Each structure stands twice: as C-alpha cells, then as structure tokens.
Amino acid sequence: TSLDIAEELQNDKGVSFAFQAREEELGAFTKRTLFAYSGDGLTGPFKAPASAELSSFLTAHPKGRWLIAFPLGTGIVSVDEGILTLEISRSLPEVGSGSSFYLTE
C-alpha cells in the first residue's frame, strides 16, 4: 500500500458520499481502487468539488472514468476541473457501497 486518501463529499441537495482511493504495488503491477459509500438515495447525477489529491487519482484511470457497481445499479465516476461527477444508470433509493479498480504495468 503506497497510498490511502479518504474524503466526504456533499452536494447542496444534501447527499453525502464518502470516497476512499487506494494504491497498491504488486511487483510489476499497480492496483488503483476507488471505494464509495453513501447512505442517501440518488435520482440525478451527484456533483461535488473534490480535493486535488482525489482529482489527481481519479484522472489516472486509462478510460478517464470509473465504472462502479452498487447493489441496486451501476454508476460512472469521473472528474473534471476538480468537480467530481457520479452518473447513474437508474435512480437509486439507496446507494450503498461499491468499488471499482484497475490493474496496470
């Protein structure tokens, strides 16, 4: 483990998300994992400003965004100009927890 950021983000509708970013070295490979939790429900996209460390981490993904599975539906996390966006495929009465990762050489 060469990194562990955690932070809580909030929009003005009141929704809170906690994120954890983690980096791990495995010989030739690196793993980067995003962890997300919210107790809230969500109907539209979630937008909130992120710290520079998180924005930096989130930009590193090879696809420029993080496909993430929650118990009730699927989201895409991306960052743009220090604004974090989580878009969802369907409205979620509760978000819950999920993670998204990639492995790289």
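One rule holds for the numbers: they count along the sequence shown, beginning at 1.
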{"property": "91-99 versus 8-16 - which carries the larger mean C-alpha B factor in the record", "result": "8-16"}
{"property": "Among modelled residues of the same chain, the CA temperature factor third for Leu67", "result": "lowest"}
{"property": "Third of the chain's Cα B-factor distribution that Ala28 belongs to, per the entry", "result": "highest"}
{"property": "Chain thirds of CA B-factor: placement of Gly39", "result": "middle"}
{"property": "Where the record places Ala60 (Cα B-factor, split into thirds across the chain)", "result": "middle"}
{"property": "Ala48 - Cα temperature factor, lowest/middle/highest third of chain", "result": "middle"}
